[PDB]
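Residue numbers (the deposited numbering), protein chains in the order written: chain s, 1 to 260; chain x, 1 to 260; chain o, 105 to 208; chain 4, 53 to 104; chain y, 1 to 260.
The C-beta atom is built at its ideal place from N, Cα and C for all residues, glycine as well.
Heads up, the thing below is written out as structure tokens.
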Amino acid sequence: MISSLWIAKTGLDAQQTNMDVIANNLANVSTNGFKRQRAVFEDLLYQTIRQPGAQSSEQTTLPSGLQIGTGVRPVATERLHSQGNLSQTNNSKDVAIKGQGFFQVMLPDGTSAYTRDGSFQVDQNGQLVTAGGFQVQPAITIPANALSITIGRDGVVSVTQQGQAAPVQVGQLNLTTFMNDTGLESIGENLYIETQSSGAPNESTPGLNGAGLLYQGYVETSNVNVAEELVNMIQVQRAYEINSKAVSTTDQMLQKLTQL
Amino acid sequence: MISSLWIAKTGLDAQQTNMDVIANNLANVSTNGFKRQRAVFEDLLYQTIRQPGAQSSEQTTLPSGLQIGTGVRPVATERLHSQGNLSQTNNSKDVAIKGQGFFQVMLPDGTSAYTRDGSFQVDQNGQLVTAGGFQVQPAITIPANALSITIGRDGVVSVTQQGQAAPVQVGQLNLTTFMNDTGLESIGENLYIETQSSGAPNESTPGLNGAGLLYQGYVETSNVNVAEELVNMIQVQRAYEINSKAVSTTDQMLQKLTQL
Amino acid sequence: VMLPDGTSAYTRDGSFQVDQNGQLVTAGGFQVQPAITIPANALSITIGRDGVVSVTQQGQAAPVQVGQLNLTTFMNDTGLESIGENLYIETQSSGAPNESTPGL
Amino acid sequence: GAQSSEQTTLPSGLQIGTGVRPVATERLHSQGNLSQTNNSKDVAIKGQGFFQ
Amino acid sequence: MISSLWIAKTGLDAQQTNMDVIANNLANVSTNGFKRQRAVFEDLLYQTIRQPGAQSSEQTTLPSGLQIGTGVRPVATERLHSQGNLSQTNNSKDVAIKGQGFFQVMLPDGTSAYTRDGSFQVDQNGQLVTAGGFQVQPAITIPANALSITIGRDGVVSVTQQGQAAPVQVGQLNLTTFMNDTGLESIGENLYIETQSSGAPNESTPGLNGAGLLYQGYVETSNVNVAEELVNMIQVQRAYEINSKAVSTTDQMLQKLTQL
């Protein structure tokens, strides 16, 4: 219709994507291990009408020619992989992560995903599974009689038996690091999958090779800064307000064009 | 309507559920043997617009693609099976448990239930019931002429007849251990039942196979930390604040859209 | 930044990332110039006020230097032709790009 | 650290910190007082020592 | 959106970080050896409109030009390394430090950590560690038949052997001092690691080379002045109220700009 209306459409859609990301951040407070998202925007085509070069006289230069430009296409959503805060669950089975790293998990299809969520359990077979029955990697089968479970800062998980007063180690629980964490493709369930932007997953014991440490009895909280979200949401409402006013102005102009 | 309003609605549901859990934990203080509940959350679908991989040109790769995401689906609620504080009740029919294990009970339907409440009773037949006529198992019959009942830390229950200078042994009170204490389903009445998440029940004498000990004259208090519950209450109230603010913001965005 | 074609554009947008190879790319995969490759297990990245980008390692108690974040100044900034993706391109009216370190 | 220039060093970098995790509730074994019960079967230890 | 809203956003973030610092100090009372934290703020760019010099006429000069300015960027958080109160813990295994100095520790990764905590403990191999098996430096082994362990104010550790009436010299406990105590990067666990701003560590016996003395049987308390933290918390609550008022005013300005 009119060049202005498509541009204002792009503005409305971009501000709506901002509100979408803000609402998804806002709702996932109290989601352990959740990572904030933030949209990155990007201007679209610029229709060149006079070239910024394009000599004007036999000597002059025509600086800064005409180009109009459209669109605010949202180009990406970065995910902030900073350390979230801890909290006392006082659950022997919940473990948070001190720094980089991920827990590897085996999906029913046999593929592997990665989660920063320490809300672990034990199923009827003694395997550590994570709130949805996903059997973690590497396998850890707790013996049926076990009284106490401990997980060191280096990850060696060891149980205490009845009578046998020696904390026999039962397994090793190691982390996986990516050289670009931001590029992982989240699939819900607090689970990310490997994509060819993240890089090959390198498995290591905690503490070594740059991976984080392990804190048993804690869970890492979502790193959502709520004040930033409220002020951002005020900003988004006012930006949508402005772009709607642009649409209305274009509409009224096109009115008195038709009435003509 | 808007992709933001559904997300905020899921956020309202999540905070409402978490407040439900907090309220149930809070109200069940002074309920013996009650185990604190804790809700574990998890985000739903991420609707992707640009894949995090998906090389654009022959050299570019487009790191950190654009996907929006929705929802805070409450994935589970764990139950903290830690030893509750004992208090000296001075009653001979209150037996508490020190360590893992559950008393078995016969429901009137014939199937078996399990409970950590020792505030026992003796019914008009003299059998050992629990506040609801639920016959503990295996059935223990207290003779009419008994003056006292003593329940040792080994679970060996005996009574003192009048005249006879001997505590005739009237039975053995054995516990039951499950591999996944958290996986037991709660049916109310402070009673749990068998489910395949829990695993097969292992019946055993108190003391052996990792089962607990019995403390007569003690009651096991609910492990509901009032401080953690109140701070959770504050946080949940504020999260509900913020999510309703998000709903309001999207509503105003929509209404100015409509006015045009 | 270096476009897929091979030529260079100029952006004022700092929303940087890193790709699967460690290169510093700009929200769409265009490699910044000069190339700066963050090492695999860098606990933290720091970018000083003059652009010296460095990282910390797993106990090496000093930030290993990783690269320089140069900028360019133009005689006429308003003359740059914008092409989208928040990228400008050098024209006849902008003059040559005077590469320099920040602060000088 | 975080060398902020060719030469500037930026001492005392900013970092926030969280939490007061209690590692333990340890058992203080110090010498206490003694009281007179006048019972031959009641014995008190003065100084280091534990009853087997 | 509006410059006012960006400036106020930075103000809210700054007050939030200040309150975070205050809350961390407040929570960490009664934590041995903890050092108070103080946030230093620093305004962001000043966007000039009329240059403060910039001769207007050929004789006048335009003093004090117009520049607007933004932001309150928190530049640093220094850690006050002042001596805390010593309290008589009466334990033969708690040693405080009177004056500058840190106990060096070998991490499982092997890199050198440092702690100002004297709650030393002994593992199953008899050596000296600090609450987690962190093998102190230099290597010290308490003999199995040792009865009382004294840590002299000079820094020599000696044990009272079985039978022999001699407190045999069994090891040396020597401190480390830095040029920049404030620069040490805390990594939790009451541990500081050397950083390129702390300066090279200088190892020396306690009492010499400027290092402090060792007080056996004492513990050093966190130097947290509770009343000072209270006044800081009142002040930051006021400042946050004010900045939220600024955001509200900017938002109302915008709202009736659009309603126009």
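| query | result |
| --- | --- |
| Beta-carbon proximity check, residue 14 (chain x) vs residue 74 (chain x), cutoff 7 angstroms | yes |
| Chain s contacts made by the region 9 to 38 of chain y, where a contact means CB separation under 8 angstroms | 9, 12, 13 and 16 |
| Residue-level contact to chain x via CB, residue 169 (chain s), 7 angstroms cutoff | no |
| The region 66 to 81 of chain x touching the region 205 to 220 of chain s, judged by at least three CB pairs closer than 8 angstroms | no |
| Residue-chain proximity (residue 165 (chain o), chain y), Cβ-Cβ < 7 angstroms | yes |
| Spatial neighbours of residue 43 (chain x) in its chain, beta-carbon cut-off 8 angstroms, leaving aside the 5 residues before and after | 69, 70, 71, 72 and 73 |
| Environment of residue 192 (chain y) [buried if 16+ CB atoms lie within 10 Å] | buried |
| Nearest-angstrom Cα separation, counted from residue 187 (chain o) out to residue 196 (chain o) | 15 angstroms |
| Amino acids of chain o, ordered along the chain, whose beta-carbon sits closer than 8 angstroms to that of residue 205 (chain s) | Those do not exist, as residue 205 (chain s) stays about 12 angstroms from chain o at its closest Cβ, beyond 8 angstroms. |
| Residue 87 (chain 4): contacting residues in chain o (beta-carbon distance under 8 angstroms) | Ordered by position in chain o, no residue passes the 8 angstroms Cβ test against residue 87 (chain 4), which lies about 56 angstroms from the chain. |
| Interface flag, residue 117 (chain y) vs chain o, CB-CB below 7 angstroms | no |
| Residue 189 (chain x) versus residue 112 (chain s): straight-line alpha-carbon distance, rounded | 41 angstroms |
| Residue 240 (chain s) - containing beta strand (DSSP E), residue span | Note, residue 240 (chain s): premise wrong, no beta strand (DSSP E); alpha helix (DSSP H) at 226 to 259. |
| Test: residue 42 (chain y) CB closer than 7 angstroms to a CB of chain C | In the structure shown, chain C does not exist; the protein chains are s, x, o, 4 and y. |
| Cβ-based neighbour list, residue 151 (chain o), same chain, cut-off 7 angstroms, excluding 5 preceding and 5 following | 157 and 173 |
| Same chain, Cβ closer than 8 angstroms to residue 120 (chain o), five either side skipped, listed in chain order | 128, 129, 130, 131 and 136 |
| DSSP state of residue 35 (chain y) mapped onto helix, strand, coil | coil |
| Beta-carbon proximity check, residue 10 (chain x) vs residue 27 (chain s), cutoff 7 angstroms | yes |
| Chain-ordered neighbours of residue 180 (chain o) on chain s, where CB pairs are closer than 9 angstroms | 63 and 64 |
| Cutoff 7 angstroms: residue 72 (chain 4) Cβ touching any chain y Cβ | yes |
| Per DSSP, the bridge partner or partners of residue 103 (chain s) | 115 (chain s) |
| Rounded C-alpha distance that separates residue 183 (chain y) from residue 164 (chain o) | 16 angstroms |
| Residue range of the beta strand (DSSP E) that includes residue 98 (chain s) | 95 to 98 |
| Alpha-carbon to alpha-carbon, residue 231 (chain y) and residue 239 (chain y) | 12 angstroms |
| Per DSSP, the bridge partner or partners of residue 167 (chain o) | Residue 167 (chain o) is not bridged to any residue. |
| Bridge partner(s) assigned by DSSP for residue 83 (chain s) | According to DSSP, which records beta bridges pairwise, residue 83 (chain s) is partnered with nothing at all. |
| Residue 76 (chain y) - partner residues in DSSP beta bridges | 40 (chain y) |
| CB of residue 86 (chain y) within 7 angstroms of CB of residue 153 (chain y), strictly | no |
| Option in 161 (chain y), 175 (chain y) and 18 (chain y) with minimal Cα separation from residue 37 (chain y) | 18 (chain y) |
| Cross-chain neighbours of residue 134 (chain o) in chain x, by beta carbon under 7 angstroms | 60 |
| Contacts that residue 96 (chain 4) makes with chain o (C-beta to C-beta distance below 9 angstroms) | Those do not exist, as residue 96 (chain 4) stays about 52 angstroms from chain o at its closest Cβ, beyond 9 angstroms. |
| Alpha-carbon spacing of residue 64 (chain s) relative to residue 62 (chain x), whole angstroms | 31 angstroms |
| Cα-Cα separation, residue 22 (chain s) to residue 229 (chain s) | 6 angstroms |
| Extent of the continuous beta strand (DSSP E) to which residue 158 (chain x) belongs | 156 to 161 |
| 8 angstroms contact criterion, which residue 208 (chain s) and residue 101 (chain s) should meet: CB distance rounded | Not quite, the Cβ-Cβ distance comes to about 11 angstroms (not below 8 angstroms), so this is no contact. |
| Contacts of residue 157 (chain s) in chain y (Cβ-Cβ under 9 angstroms) | Chain y residues near residue 157 (chain s): none, gap ~16 angstroms exceeds 9 angstroms. |
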